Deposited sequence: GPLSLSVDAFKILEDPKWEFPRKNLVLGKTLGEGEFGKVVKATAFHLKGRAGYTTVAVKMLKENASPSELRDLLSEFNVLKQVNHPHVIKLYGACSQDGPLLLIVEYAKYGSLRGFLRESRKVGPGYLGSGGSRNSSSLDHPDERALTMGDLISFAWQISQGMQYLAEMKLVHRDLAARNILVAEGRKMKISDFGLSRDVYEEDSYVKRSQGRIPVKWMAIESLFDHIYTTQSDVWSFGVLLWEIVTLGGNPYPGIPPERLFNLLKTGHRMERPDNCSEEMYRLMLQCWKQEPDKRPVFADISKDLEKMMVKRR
């Protein structure tokens, strides 16, 4: 089927640009379980011309992996090899021969944005300026992907990494799709994306575009302002069908300006063409930044 064709090609085709000697990689502790497997911390000897050891993260499958998870790991490789942006996590290499498939990616010293924020306090002291900075960085990375006609489909604070210098890195591309041809991606079966982050047309009609990524960015903006809060708090996920279709949205959270909340609401308009594009969002966030000084 499609996956056996992909697996075989991946193993057969050995892009020297990407293949890395397993004997030069040492795996350490588990950093998490992501969308399709586990991520561990690792170190890589003489990676990409760099002398000595480089600390990296490695994405791999678990023993009980399903075909869906394997597909997602290959999808993530296929996308990450094509993109390069200061706010998108970097692919360094892969191991595809003589052992389990491993992706070698940039290590983000602070982990996920949601973890980073939940460990902080609003005044780790983070100001509203810091939060707006985080959001803007993410919007920049998404402008780039959107220009590349890539839809991420799972934008959420758990899928943003926080690197050296508190720099945002969009990550977890296993579910991301190319929409160059048709400007949308449609999935006939049910999504494997949490209900509370999907745009209304994704949830009901299974349609994904850069405008549904904008809806998810609105939910991410709410996670940022609440320092890692849980969206639609106390609302069971299955109630989101009725809640969204009858025009309800999350309320303005505590320490959130009127301007920032209006931006979330515009991201959550029912009609996708009425939502901002990422270029608009970055502009809104820049303006809030300079107004605050």
Notebook entry, point to check: Since the structure holds only modelled residues, which stretches of the deposited sequence does it leave out?
Noted result: 124-144
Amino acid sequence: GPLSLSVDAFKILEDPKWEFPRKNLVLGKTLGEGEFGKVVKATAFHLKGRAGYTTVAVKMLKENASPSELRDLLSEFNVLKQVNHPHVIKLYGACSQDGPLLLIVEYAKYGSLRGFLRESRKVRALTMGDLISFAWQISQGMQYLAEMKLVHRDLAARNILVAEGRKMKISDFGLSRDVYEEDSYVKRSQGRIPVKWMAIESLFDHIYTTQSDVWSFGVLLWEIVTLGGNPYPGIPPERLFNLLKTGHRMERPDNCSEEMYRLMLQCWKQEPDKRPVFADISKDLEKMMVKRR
From here on, numbers count along this sequence of modelled residues.
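For clarity, a rigid core is taken as the largest C-alpha set superposing within 1.5 Å between two forms.
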Item checked: More variable segment, 124-132 or 217-225 [Cα RMS over structures in 5 other deposited structures of this protein, core-superposed] -> 124-132
Next item on the list: May I ask whether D15 is missing from the deposited models in at least a third of the other compared entries?
Entry: yes
Item checked: Comparing 107-115 with 178-186, the one whose average Cα B-factor in the PDB entry is higher -> 178-186
Check: So 240-248 or 254-262, which one's hotter by mean CA B-factor in the entry?
Finding: 254-262
Notebook entry, point to check: Looking at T30, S66, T43, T226, which has the highest Cα B-factor in the entry?
Noted result: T226
Notebook entry, point to check: From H85, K196, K122, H152, which pick has the Cα B-factor that tops the rest in the entry?
Noted result: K122
Next item on the list: Please place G93 in the lowest, middle or highest third of its chain by C-alpha B factor as given in the entry.
Entry: middle
Next item on the list: Using the B-factors in the PDB entry, rank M289's C-alpha atom against the chain and give the third, lowest, middle or highest.
Entry: highest
Check: Going by the entry, which third of its chain does the Cα temperature factor of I200 land in?
Finding: middle
Check: In terms of the CA temperature factor given in the entry, to which third of its chain does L102 belong: lowest, middle or highest?
Finding: lowest
Item checked: For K167, the third of its chain into which the C-alpha B factor falls -> middle
